[PDB]
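Novice: First the structure, which I've put down as structure tokens, then a few questions once you've had a look.
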Amino acid sequence: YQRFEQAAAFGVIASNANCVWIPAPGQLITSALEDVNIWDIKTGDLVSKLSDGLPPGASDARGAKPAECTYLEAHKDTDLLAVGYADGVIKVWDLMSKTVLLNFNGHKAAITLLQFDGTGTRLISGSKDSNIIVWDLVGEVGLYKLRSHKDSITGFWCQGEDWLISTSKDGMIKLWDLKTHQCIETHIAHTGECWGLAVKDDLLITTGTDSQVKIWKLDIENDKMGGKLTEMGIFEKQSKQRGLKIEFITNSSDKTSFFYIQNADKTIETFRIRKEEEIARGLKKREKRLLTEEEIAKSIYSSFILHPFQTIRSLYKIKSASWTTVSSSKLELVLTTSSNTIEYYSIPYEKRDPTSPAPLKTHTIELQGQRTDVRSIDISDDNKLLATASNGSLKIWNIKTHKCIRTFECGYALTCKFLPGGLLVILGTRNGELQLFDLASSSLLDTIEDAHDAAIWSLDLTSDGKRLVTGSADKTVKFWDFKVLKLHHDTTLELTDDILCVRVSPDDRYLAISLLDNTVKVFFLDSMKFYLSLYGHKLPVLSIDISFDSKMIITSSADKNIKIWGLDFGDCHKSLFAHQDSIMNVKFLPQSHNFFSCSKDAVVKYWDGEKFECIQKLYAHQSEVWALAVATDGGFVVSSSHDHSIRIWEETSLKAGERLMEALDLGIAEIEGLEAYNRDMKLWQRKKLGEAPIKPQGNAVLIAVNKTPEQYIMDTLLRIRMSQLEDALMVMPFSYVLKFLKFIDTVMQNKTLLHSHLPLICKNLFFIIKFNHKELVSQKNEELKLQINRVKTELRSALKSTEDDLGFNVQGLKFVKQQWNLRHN
Amino acid sequence: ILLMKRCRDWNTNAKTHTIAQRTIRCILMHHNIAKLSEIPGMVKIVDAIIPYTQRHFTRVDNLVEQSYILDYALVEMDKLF
Amino acid sequence: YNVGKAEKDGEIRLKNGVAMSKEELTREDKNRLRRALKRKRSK
RNA sequence: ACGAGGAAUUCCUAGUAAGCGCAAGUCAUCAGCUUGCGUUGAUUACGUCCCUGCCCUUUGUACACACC
């Protein structure tokens with residue numbers, strides 16, 4: 001059976017990631033879900049949707065929650081985009097040809113923020129781990145990891161090829177550098193978290209947890225360990241919540257010196273830091289009444305060097321912001337807020353004061369937005385689509401243009417459906433308010449207000465589209481008939497308990513009503529004679545569908561299982577469990593029995609209704625899928641989630657002994673080359689100075705591991721075990737015994753490591769010459785007997801030194817014990 | 001007394017051992033032995049340090065004892081010619 | 001005398017004789033020693 | 001219809017492989033045989049974990065000495 005693919009995502013304009021801006025109100029890149037969008041904000045529409053070259057739910061794609069975009073940073077000179085995803089992989093993009101050019105990952109959880117090095121050809125990324133990683137842009141390689149924070153970094157700032165400041169989810173400012181390569185300075189910034197830091201060279205402002213920002217002196221001049229970066233003082237905010245981003249804006253000889261702070265609730269405060277001229281003239285003004293109390297009141301500071309003047313204030317909860325300014329007159333500030341809405345502000349100012357109490361929203365991009373959870377969905381006869389949310393703003397879409405055609409506010413809208421020619425939508429709210437709208441003309445046709453005294457929770461048409469059933473929260477299901485332009489209520493039907501989901505048969509046979517009693521009544525529409533009461537869920541059924549020939553309902557609840565029920569007697573075929581949060585909407589393909597279960601786990605599956613396998617499993621959402629609907633004659637399904645995305649799916653090894661042997665002979669070859677080099681340097685310097693040998697080059701293995709040869713053979717002699725050692729250095733021949741003796745010379749001409757491996761060296765050497773004694777004393781080499789003279793003398797000196805220390809300590813400590821007993825036994 | 005706690009617990013091995021013996025040598029070479037005795041609780045430390053370093057003395061003494069096979073190989077190689 | 005457990009719960013003394021204090025060592029070694037004494041009391 | 005059985009494969013370590021007979025017919029099995037008993041009686045390993053695997057352990061925890 002053929003499969004389903006993704007077209008794209010539509011209706012997501014501002015996700016959970018920071019925005020950055022491109023100059024020429026300029027271009028603007030934010031993240032949509034798992035792909036990024038490129039805009040102009042004057043025209044107020046998309047110019048390019050950068051997506052990755054892999055369709056989700058495809059025959060190439062994999063089964064997992066797809067990686068959410070969560071940070072943006074643009075470097076506009078070479079035109080690169082660093083994108084970073086919520087699994088922890090960072091890609092970069094040429095923004096022109098739209099192709100990924102580096103795709104590296106080293107992070108485990110989601111990243112937190114990127115930063116380019118200002119065309120340093122290196123990108124530094126900080127995670128929600130304890131990771132700050134430096135990566136090359138021309139390597140596909142990480143320069144280095146950077147790791148001493150406890151929990152999760154929040155902000156950082158680098159400078160040059162040398163220094164960096166960082167701050168984390170525990171309040172610890174850390175200072176790092178390239179060369180010494182570790183942390184150098186640490187402070188507790190706040191008692192809890194610490195979310196944003198910002199610098200222009202001298203000072204460091206940080207935010208805290210609740211309205212305690214803090215001023216710090218940088219000092220990269222000072223060569224004093226404690227105090228590379230000190231603090232001075234604090235001040236407060238208007239908002240009593242965690243400021244989570246600060247940044248500076250500056251200019252030349254106007255002294256732009258403004259920094260902003262994103263509060264965590266609907267608010268962005270802005271501040272000015274002020275020049276030395278007004279600092280100098282105001283210091284004496286505070287130094288009126290004229291020394292100890294003067295310096296105390298001066299330390300009590302940031303009140304003087306700060307200047308809070310404007311607290312811009314949006315419609316609802318903000319999410320991310322970015323700056324632009326020009327020459328002492330205007331400051332313009334992009335803000336993409338929580339739901340898919342961006343809000344580009346501007347303020348005039350007289351470079352001491354704004355001279356306007358409120359900021360100016362010069363632009364607001366609003367078109368493809370939805371502003372709440374889109375909780376209902378429809379699709380007409382393959383000619384237009386629908387989206388419906390608690391905003392009020394129903395949004396009517398088209399297939400191959402994806403533009404918000406019509407938009408008009410109703411209320412807390414949760415269920416809606418077309419009229420059978422299209423062209424008109426009926427809808428219900430959180431009260432008994434039923435709204436009818438058209439496609440093109442004057443929007444609010446009518447509203448039956450107080451159709452019920454409680455909420456309504458589902459509704460459906462008939463097949464011909466004249467009678468209209470709804471099921472409502474007041475234990476009531478009610479009928480309507482359209483009249484030519486309005487509605488007429490005709491038939492109330494009280495129930496024993498509370499309906500929450502209805503559905504009519506597609507060949508208008510009968511209607512199924514759920515209850516919050518864990519059951520569904522199948523109920524005639526001609527006669528209402530209570531055909532069936534089929535049950536067995538134990539938590540209320542909250543989606544109902546009927547087969548295309550009224551033979552087989554598919555019912556589903558918050559018990560995560562869906563039940564496929566034959567209608568000839570209300571019997572079952574399967575009760576099958578999927579989707580481990582809950583189901584909330586199952587939809588039926590209009591020709592065969594293949595149905596689509598959405599979940600509250602960002603997953604839709606379509607299943608055949610006779611063999612019950614999830615013949616396709618589909619993952620491309622991020623949050624709870626709040627509606628879906630399949631097309632009439634397309635096999636063409638729309639689905640809308642809590643992340644404000646709607647989207648449409650369409651048809652298609654040595655051992656011990658010899659290791660010691662070979663490491664020993666390469667080390668001895670290196671050592672003998674070095675001593676021949678010392679003889680050749682004797683020939684160059686301390687001889688008839690005509691020429692020389694140049695250099696025996698370093699051996700590749702010990703140069704790569706950066707080890708002296710005696711330390712390398714000491715490493716392998718260390719790593720062989722105690723048990724097989726006695727035959728490991730019994731395998732080796734007498735020539736290898738001889739170069740082992742040469743190693744013992746060159747290792748006891750180095751008292752650094754001789755004293756730290758002395759019993760090992762002694763046990764090995766004494767067993768070697770005890771086993772090889774018969775050939776050793778028959779060897780005839782005067783340099784060898786001088787060699788073991790040297791070994792005997794220096795080894796016995798080291799042993800008698802350490803046993804001198806041990807005997808001295810024995811006698812001293814037992815003297816101490818015996819004289820304490822002599823004192824008070 | 002914290003240093004001698006950690007030094008006694010270093011004294012059990014043979015690898016982390018000589019540096020324990022040398023810091024014992026340091027603190028008893030420098031401090032007053034009367035002060036070392038009248039520090040309270042330290043006799044429980046020092047009587048557990050004593051037999052370990054007695055054992056290590058015997059072990060290194062056997063090492064330097066069997067070191068003389070180099071001298072025997074030397075005197076035989078001198079007997080050679 | 002023999003080296004036993006640690007005398008306070010801010011450090012660990014191995015039967016080796018070496019000791020780590022529970023804020024000296026890095027988190028990778030904390031995971032490693034957690035796994036190690038998990039096996040050591042699992043047997 | 002045949003001149004000692006090919007490709008390869010199976011099995012096998014001391015009174016063992018194998019040759020030679022001879023009895024009996026023991027409630028199931030077997031007489032085309034089965035089981036006993038006697039006789040004659042070797043060659044090659046009797047090591048190794050390298051290959052094929054299979055298993056066990058990774059606190060040594062047992063009470064000195066020693067090693068780890």
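Chain identifiers are assigned as A, B, and so on, following the order in which chains appear in the structure tokens; residues are numbered from 1 within each chain, and ligands are numbered from 1 in order of appearance.
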Using only C-alpha atoms, determine which residues of chain A fall within 7 Å of chain B; present them as a list in words.
Specialist: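 Going by the stated atoms only, the list reads residues 777, 778, 785, 792, 796, 799, 803, 805, 806, 807, 809, 810, 813, 814, 816, 817 and 820 of chain A.
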Novice: Write a file of the selected residues as a PDB file, in the first residue's frame, keeping N, CA, C and O atoms.
Specialist:
```
ATOM      1  N   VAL A 777      77.471 -13.660  32.665  1.00  0.00           N
ATOM      2  CA  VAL A 777      78.842 -13.728  33.142  1.00  0.00           C
ATOM      3  C   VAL A 777      79.794 -14.289  32.107  1.00  0.00           C
ATOM      4  O   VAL A 777      81.008 -14.250  32.318  1.00  0.00           O
ATOM      5  N   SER A 778      79.292 -14.815  30.999  1.00  0.00           N
ATOM      6  CA  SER A 778      80.166 -15.221  29.919  1.00  0.00           C
ATOM      7  C   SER A 778      80.235 -14.185  28.817  1.00  0.00           C
ATOM      8  O   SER A 778      80.995 -14.368  27.864  1.00  0.00           O
ATOM      9  N   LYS A 785      80.314  -4.240  31.471  1.00  0.00           N
ATOM     10  CA  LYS A 785      80.591  -4.385  32.895  1.00  0.00           C
ATOM     11  C   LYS A 785      80.670  -3.029  33.585  1.00  0.00           C
ATOM     12  O   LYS A 785      80.263  -2.911  34.745  1.00  0.00           O
ATOM     13  N   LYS A 792      74.432  -1.058  39.403  1.00  0.00           N
ATOM     14  CA  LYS A 792      74.561  -1.542  40.771  1.00  0.00           C
ATOM     15  C   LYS A 792      74.714  -0.393  41.752  1.00  0.00           C
ATOM     16  O   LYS A 792      73.987  -0.322  42.751  1.00  0.00           O
ATOM     17  N   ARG A 796      71.598   0.687  44.169  1.00  0.00           N
ATOM     18  CA  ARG A 796      71.823   0.470  45.585  1.00  0.00           C
ATOM     19  C   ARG A 796      71.773   1.770  46.360  1.00  0.00           C
ATOM     20  O   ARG A 796      71.313   1.780  47.505  1.00  0.00           O
ATOM     21  N   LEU A 799      67.987   2.510  46.791  1.00  0.00           N
ATOM     22  CA  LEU A 799      67.408   1.608  47.780  1.00  0.00           C
ATOM     23  C   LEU A 799      67.865   1.947  49.192  1.00  0.00           C
ATOM     24  O   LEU A 799      67.064   1.912  50.131  1.00  0.00           O
ATOM     25  N   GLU A 803      65.401   3.102  52.241  1.00  0.00           N
ATOM     26  CA  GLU A 803      65.369   2.359  53.486  1.00  0.00           C
ATOM     27  C   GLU A 803      65.943   3.159  54.641  1.00  0.00           C
ATOM     28  O   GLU A 803      65.575   2.897  55.789  1.00  0.00           O
ATOM     29  N   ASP A 805      65.233   6.387  55.001  1.00  0.00           N
ATOM     30  CA  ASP A 805      64.024   7.112  55.391  1.00  0.00           C
ATOM     31  C   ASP A 805      63.082   6.232  56.202  1.00  0.00           C
ATOM     32  O   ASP A 805      62.542   6.668  57.226  1.00  0.00           O
ATOM     33  N   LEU A 806      62.913   4.978  55.783  1.00  0.00           N
ATOM     34  CA  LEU A 806      62.008   4.079  56.492  1.00  0.00           C
ATOM     35  C   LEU A 806      62.518   3.727  57.878  1.00  0.00           C
ATOM     36  O   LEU A 806      61.739   3.703  58.836  1.00  0.00           O
ATOM     37  N   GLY A 807      63.815   3.463  58.015  1.00  0.00           N
ATOM     38  CA  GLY A 807      64.348   3.140  59.326  1.00  0.00           C
ATOM     39  C   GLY A 807      64.315   4.324  60.268  1.00  0.00           C
ATOM     40  O   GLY A 807      64.025   4.173  61.464  1.00  0.00           O
ATOM     41  N   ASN A 809      62.063   6.734  60.155  1.00  0.00           N
ATOM     42  CA  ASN A 809      60.675   6.926  60.561  1.00  0.00           C
ATOM     43  C   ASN A 809      60.232   5.886  61.575  1.00  0.00           C
ATOM     44  O   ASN A 809      59.482   6.211  62.501  1.00  0.00           O
ATOM     45  N   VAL A 810      60.690   4.638  61.416  1.00  0.00           N
ATOM     46  CA  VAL A 810      60.360   3.575  62.367  1.00  0.00           C
ATOM     47  C   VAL A 810      60.874   3.928  63.750  1.00  0.00           C
ATOM     48  O   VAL A 810      60.123   3.907  64.737  1.00  0.00           O
ATOM     49  N   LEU A 813      59.010   7.170  65.221  1.00  0.00           N
ATOM     50  CA  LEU A 813      57.631   7.018  65.649  1.00  0.00           C
ATOM     51  C   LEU A 813      57.516   6.081  66.839  1.00  0.00           C
ATOM     52  O   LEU A 813      56.695   6.311  67.738  1.00  0.00           O
ATOM     53  N   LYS A 814      58.354   5.044  66.898  1.00  0.00           N
ATOM     54  CA  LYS A 814      58.279   4.211  68.088  1.00  0.00           C
ATOM     55  C   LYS A 814      58.916   4.891  69.285  1.00  0.00           C
ATOM     56  O   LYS A 814      58.512   4.600  70.413  1.00  0.00           O
ATOM     57  N   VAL A 816      58.354   8.106  69.799  1.00  0.00           N
ATOM     58  CA  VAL A 816      57.222   8.938  70.202  1.00  0.00           C
ATOM     59  C   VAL A 816      56.231   8.129  71.028  1.00  0.00           C
ATOM     60  O   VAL A 816      55.796   8.556  72.108  1.00  0.00           O
ATOM     61  N   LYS A 817      55.918   6.917  70.563  1.00  0.00           N
ATOM     62  CA  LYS A 817      54.960   6.079  71.277  1.00  0.00           C
ATOM     63  C   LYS A 817      55.500   5.633  72.630  1.00  0.00           C
ATOM     64  O   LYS A 817      54.777   5.677  73.637  1.00  0.00           O
ATOM     65  N   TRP A 820      55.477   8.626  75.052  1.00  0.00           N
ATOM     66  CA  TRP A 820      54.124   8.922  75.515  1.00  0.00           C
ATOM     67  C   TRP A 820      53.675   7.927  76.575  1.00  0.00           C
ATOM     68  O   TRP A 820      53.026   8.302  77.565  1.00  0.00           O
TER      69      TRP A 820
END
```
Novice: Taking 3 positions as the minimum chain separation for residues in the same chain, which residues sit within 10 Å of residue 99 (chain A) when counting only C-alpha atoms (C1' of nucleotides)? Answer as a ChimeraX atom specification.
Specialist: /A:50-53,92-96,102
Novice: Considering only C-alpha atoms (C1' of nucleotides), return as a tab-separated table (two decimals) with C-alpha atoms, in the first residue's frame whatever protein or nucleic-acid residues lie within 8 Å of residue 7 (chain B), sequence-local ones (same chain, fewer than 2 positions apart) excluded.
Specialist:
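Contents of around_38.tsv, freshly written:
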```
chain	number	residue	atom	x	y	z
B	3	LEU	CA	47.54	15.05	57.59
B	4	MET	CA	48.54	12.06	59.68
B	5	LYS	CA	45.09	10.49	59.25
B	9	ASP	CA	45.68	5.63	55.18
B	10	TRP	CA	48.25	6.18	52.43
B	11	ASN	CA	50.71	3.98	54.27
B	20	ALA	CA	53.78	8.86	53.19
B	23	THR	CA	55.97	13.36	54.86
B	24	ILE	CA	56.20	11.55	58.20
```
Novice: Excluding same-chain residues fewer than 2 positions from residue 357 (chain A), what lies within 10 Å of it counting only C-alpha atoms (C1' of nucleotides), as a PyMOL selection string?
Specialist: chain A and resi 309-312+347+353-355+359-360
Novice: At a cut-off of 12 Å, can you tabulate as JSON lines every residue of chain C near chain A together with its closest atom pair and the distance in Å to one decimal, using only C-alpha atoms and ordering rows by chain then number?
Specialist:
```
{"residue": "C:23", "atom": "CA", "partner": "A:150", "partner_atom": "CA", "distance": 11.4}
{"residue": "C:25", "atom": "CA", "partner": "A:148", "partner_atom": "CA", "distance": 11.4}
{"residue": "C:26", "atom": "CA", "partner": "A:148", "partner_atom": "CA", "distance": 8.5}
{"residue": "C:27", "atom": "CA", "partner": "A:150", "partner_atom": "CA", "distance": 8.7}
{"residue": "C:28", "atom": "CA", "partner": "A:147", "partner_atom": "CA", "distance": 11.3}
```
Novice: Export N, CA, C and O atoms of the chosen residues as a PDB file, in the first residue's frame?
Specialist:
```
ATOM      1  N   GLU C  23      33.289  16.258  46.677  1.00  0.00           N
ATOM      2  CA  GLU C  23      33.212  17.423  45.820  1.00  0.00           C
ATOM      3  C   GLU C  23      34.533  17.715  45.134  1.00  0.00           C
ATOM      4  O   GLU C  23      34.634  18.703  44.402  1.00  0.00           O
ATOM      5  N   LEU C  25      36.163  15.277  43.093  1.00  0.00           N
ATOM      6  CA  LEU C  25      36.184  14.551  41.837  1.00  0.00           C
ATOM      7  C   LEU C  25      35.127  15.071  40.877  1.00  0.00           C
ATOM      8  O   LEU C  25      34.087  15.593  41.281  1.00  0.00           O
ATOM      9  N   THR C  26      35.409  14.920  39.591  1.00  0.00           N
ATOM     10  CA  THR C  26      34.496  15.386  38.566  1.00  0.00           C
ATOM     11  C   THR C  26      33.286  14.465  38.466  1.00  0.00           C
ATOM     12  O   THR C  26      33.228  13.394  39.077  1.00  0.00           O
ATOM     13  N   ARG C  27      32.309  14.894  37.670  1.00  0.00           N
ATOM     14  CA  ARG C  27      31.051  14.168  37.605  1.00  0.00           C
ATOM     15  C   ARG C  27      31.185  12.855  36.851  1.00  0.00           C
ATOM     16  O   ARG C  27      30.425  11.919  37.126  1.00  0.00           O
ATOM     17  N   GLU C  28      32.158  12.746  35.946  1.00  0.00           N
ATOM     18  CA  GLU C  28      32.388  11.479  35.267  1.00  0.00           C
ATOM     19  C   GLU C  28      32.934  10.448  36.236  1.00  0.00           C
ATOM     20  O   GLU C  28      32.502   9.290  36.231  1.00  0.00           O
TER      21      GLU C  28
END
```
Novice: Counting only C-alpha atoms (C1' of nucleotides), which residues of chain A come no farther than 12 Å from chain D, as number ranges by chain?
Specialist: A: 653-655, 721-723, 759-760, 763
Novice: How about saving the chosen residues, C-alpha atoms kept, as a short mmCIF file (atom, residue, chain, number, x, y, z; two decimals), in the first residue's frame?
Specialist:
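Saved result, out.cif, follows:
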```
data_model
loop_
_atom_site.label_atom_id
_atom_site.label_comp_id
_atom_site.auth_asym_id
_atom_site.auth_seq_id
_atom_site.Cartn_x
_atom_site.Cartn_y
_atom_site.Cartn_z
CA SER A 653 46.44 -8.09 18.47
CA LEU A 654 49.69 -9.03 20.17
CA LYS A 655 50.09 -10.32 23.71
CA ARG A 721 50.10 -7.69 34.43
CA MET A 722 51.78 -9.36 37.37
CA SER A 723 50.73 -12.88 36.43
CA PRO A 759 60.18 -2.02 43.18
CA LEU A 760 58.87 -2.80 39.69
CA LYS A 763 61.90 -7.08 40.52
#
```
Novice: If you measure from CA of residue 216 (chain A) to CA of residue 198 (chain A), what distance in Å do you get, rounded to one decimal?
Specialist: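 Those two atoms sit 10.2 Å apart.
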